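What follows is a set of notes on a single structure, which appears directly below.
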Amino acid sequence: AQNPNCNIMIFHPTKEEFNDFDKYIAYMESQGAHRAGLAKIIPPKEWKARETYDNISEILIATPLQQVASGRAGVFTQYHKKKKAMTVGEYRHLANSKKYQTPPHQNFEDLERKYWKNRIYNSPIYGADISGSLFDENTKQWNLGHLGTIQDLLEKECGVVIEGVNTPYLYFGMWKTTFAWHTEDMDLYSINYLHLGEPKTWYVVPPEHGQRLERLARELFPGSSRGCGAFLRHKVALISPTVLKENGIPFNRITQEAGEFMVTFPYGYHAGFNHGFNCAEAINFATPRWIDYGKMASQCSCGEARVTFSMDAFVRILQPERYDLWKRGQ
Ligand SMILES: O=C(NO)c1cc(-c2nn[nH]n2)ccn1
Ligand code: NI
Ligand SMILES: [Zn+2]
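Each position in the sequence shown, counted from 1, maps to that position plus 10 in the authors' numbering.
Right, dumping it as structure tokens:
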């Protein structure tokens with residue numbers, strides 16, 4: 011078995027290897043990459059996502075979110091308080107202000123220490139799930155706006171016909187901006203490109219051990235768990251590496267820098283934080299290997315996880331027994 015210890019693997023495709031997205035995903039899996047739940051892809055040096063990021067300040071963040079924590083430093087939930095709209099230009103200036111700027115630090119280890127020590131005592135702002143793309147239309151390889159859709163994969167594998175069209179989204183982050191422990195909707199893959207700015211640190215649990223994380227989360231957030239078995243789909247819960255180690259949860263960590271892709275694999279739980287102002291782009295995608303994860307994916311039916319109407323047909327086709335209950339929660 012390839013990659014038995016479930017280490018996060020890093021790939022350096024050549025230009026020729028970068029010309030067929032699904033073929034290269036399959037190659038990474040032939041090397042065991044998916045056993046970690048996350049992989050890093052460094053594009054060939056000749057490739058470029060966009061020629062220049064001039065005028066990115068003109069993008070609108072219609073509903074910036076302030077991430078307010080409750081709990082202890084290593085075990086906390088966050089809720090989002092909505093803020094007034096601001097442009098990326100205004101957001102970047104706020105990120106670099108004295109209140110929000112990255113602190114002096116010796117190296118990544120030091121910064122990660124300061125994050126887990128101090129995150130709960132600040133409430134950073136960020137811009138999430140903004141439909142859009144920053145790839146140049148003439149970037150032809152690994153352009154997240156020109157991938158095959160999840161609907162076309164499902165139609166091809168199952169011979170069904172469904173509505174829906176999935177598109178990429180943008181994220182704007184600052185120091186301490188946080189993504190909570192989750193897997194993707196329907197346990198799909200995701201791909202994330204860091205366009206611009208400071209790094210993003212990721213934590214991941216191997217798919218073969220995701221239920222261990224679920225059981226710990228239920229123990230650590232009892233009230234949250236009671237309302238909904240699938241409450242990690244609410245994207246609210248954080249658990250530090252120190253607490254994971256203390257409870258024997260297997261995980262790994264890696265830092266993504268600008269110009270690098272990260273892929274998450276089906277049922278790979280992930281979480282992380284931003285080092286400073288940055289801009290990323292992400293989309294979900296599917297392969298033939300995903301179909302059996304989609305059929306088994308847990309669902310939130312309590313109401314809290316709102317998800318846009320692409321997901322209806324996925325529940326309807328793959329999980330018809332669960333559909334009426336899921337639909338009631340919507
Ligand atoms: O919401 C997510 N996946 O469904 C998600 C969000 C992030 C994130 N990156 N920068 N800010 N947020 C990363 C991984 N996953
Ligand atoms: Ni994610
Ligand atoms: Zn729920």
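Beta carbons are placed, not taken as given, at the ideal position from N, Cα and C, and that holds for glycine.
Counting C-beta neighbours from all protein chains within 10 Å, is the total for residue i 16 or more, i.e. buried, or is it exposed?
i, result
"residue 394", "Look at the range of the chain in this structure, 11 to 340, and you will see that residue 394 is not part of it."
"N202", "buried"
"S107", "exposed"
"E224", "buried"
"residue 343", "It is not possible to answer for residue 343, since the shown part of the chain is limited to 11 through 340."
"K210", "buried"
"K50", "buried"
"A11", "exposed"
"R45", "buried"
"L335", "exposed"
"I20", "exposed"
"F118", "exposed"
Between which two residues does the beta strand (DSSP E) containing residue i stretch?
i, result
"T274", "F271 to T274"
"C168", "Here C168 belongs to no beta strand (DSSP E); instead the alpha helix (DSSP H) covers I160 to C168."
"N128", "Unbroken run through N128 is the alpha helix (DSSP H), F118 to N128; no beta strand (DSSP E)."
"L180", "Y179 to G183"
"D139", "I135 to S141"
When DSSP builds the beta bridges, which residues end up paired with residue i?
i, result
"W212", "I264 and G282"
"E194", "Paired residues: none, contrary to the question."
"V85", "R82 and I249"
"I201", "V273 and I293"
"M19", "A49"
"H90", "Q77"
"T149", "Answer is none; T149 lacks a bridge partner."
"residue 349", "Outside the modelled stretch of the chain, which goes from 11 to 340, sits residue 349, for which no answer is possible."
Provide the residue span of the alpha helix (DSSP H) that contains residue i, from first to last.
i, result
"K337", "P330 to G339"
"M38", "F31 to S40"
"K305", "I301 to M306"
"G237", "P232 to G237"
"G99", "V98 to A105"
- Message: So if I measure from each beta-carbon to every heavy atom of ligand 2 and keep distances below 7 Å, which residues remain?
- Response: This criterion selects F189, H192, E194, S200, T274 and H280.
- Indicate whether the contact test is met: 3 or more Cβ pairs, each with one atom in the segment 216-228 and one in the segment 167-187, closer than 8 Å. By the Cβ criterion, the segment 216-228 is not in contact with the segment 167-187, since fewer than three pairs of Cβ atoms, one from each stretch, lie closer than 8 Å.
- Counting pairs of beta carbons, one from the segment 96-111 and one from the segment 231-247, are three or more of them closer than 8 Å? no
- Query: Would you call the segment 176-186 and the segment 131-145 in contact, with 3 or more CB pairs under 8 Å?
  - Reply: yes
- Query: Does the segment 266-279 come close enough to the segment 173-180 that 3 or more CB-CB pairs lie under 8 Å?
  - Reply: no
- Message: Quick check on the contact list: which residues have their beta carbon closer than 5 Å to a heavy atom of ligand 3?
- Response: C238, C310, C312 and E314
- Item | Validate contact between the segment 78-95 and the segment 243-254 using beta carbons, cut 8 Å, 3 pairs | Counting Cβ pairs under 8 Å, three or more are found: they touch.
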